[PDB]
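In structure tokens, the next block holds one chain alone, the form deposited in one PDB entry.
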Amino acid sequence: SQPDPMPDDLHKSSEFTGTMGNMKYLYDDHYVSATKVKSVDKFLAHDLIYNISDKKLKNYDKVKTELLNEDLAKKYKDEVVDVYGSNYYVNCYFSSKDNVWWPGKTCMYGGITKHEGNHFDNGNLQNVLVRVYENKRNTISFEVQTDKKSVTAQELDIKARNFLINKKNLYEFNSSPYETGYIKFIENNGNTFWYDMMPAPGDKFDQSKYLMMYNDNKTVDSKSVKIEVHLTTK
């Protein structure tokens, strides 16, 4: 398992001076979701393109997802899969040139699980408990739900942040009530890993580079996995 964070490993919202609404955006009732799809194209060797239509607005009809490498893309290319992840538009490119708008398209990382045999007997959902710690005190717990036996850390991370934006103002348009935050996952076999929840310091937030951490397409057993969200206040 990955070593837990020391305070110096964690981004601080106090050191970020841009618009925290750009981070909020990525997690606030925001996700690509599709069931039983197969990729239809690609751009580079490490990515897959799906015909998925925006159900909310009409921002896209195609979603490109990038995977860590070409061999991860080959794993899923011809498979019938489900897709769940957080998409972006700024710097969502389908060629080499910077600054190009690609109408009808959106981009994301990872988010792919094989469809067949990954679902529950009926219209049944699996609950995963999230324990939230504020300044080391477990003040709040809740469950997120998934239709999947093997679910990406990304999908659970999203559902957890979405709940917390709505109940605890995790991210707000200008800043956050929190100084640091990380989400740690604890697997059945003792393996743990975590993601920093705050933007890198500075005046700007690159959404694409932030989400790229999902490109490993890390999956967990939704039945046995544990999630802790650890926050400190300003």
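So that the term is clear: the rigid core is the largest set of C-alpha atoms that superpose within 1.5 Å between two forms. Counting begins at 1, following the sequence as shown.
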Outlying stretch relative to shown form, 1-9 versus 225-233 in 4 other deposited structures of this protein, C-alpha RMS (core): 1-9
Rigid core superposition result in 4 other deposited structures of this protein, more deviant of 128-136, 115-123 by Cα: 115-123
Residue stretch of maximal mean CA temperature factor, 154-162 vs 90-98: 90-98
125-133 set against 103-111, stretch whose average Cα temperature factor tops the other in the entry: 125-133
Of the residues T180, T65, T192, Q207, the one carrying the largest Cα B-factor as recorded: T192
From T219, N22, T17, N215, residue of greatest CA B-factor: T17
For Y84, the third of its chain into which the C-alpha B factor falls: lowest
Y27 - Cα temperature factor, lowest/middle/highest third of chain: lowest
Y171 - which third its CA temperature factor falls in, relative to the rest of the chain: lowest
Position of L48 among the chain's modelled residues by C-alpha B-factor, lowest, middle or highest third: lowest
Ranked C-alpha temperature factor of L57 among modelled chain residues, by third: highest
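The form solved in complex with a partner chain is left out here; the points below concern that form.
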Contact at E66, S95 and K209 by the partner chain in the deposited complex, all three, heavy atom at most 4.5 Å: yes
Touches the partner chain in the deposited complex: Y109 (any heavy atom, 4.5 Å): yes
Heavy atom of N91 within 4.5 Å of the partner chain in the deposited complex: yes
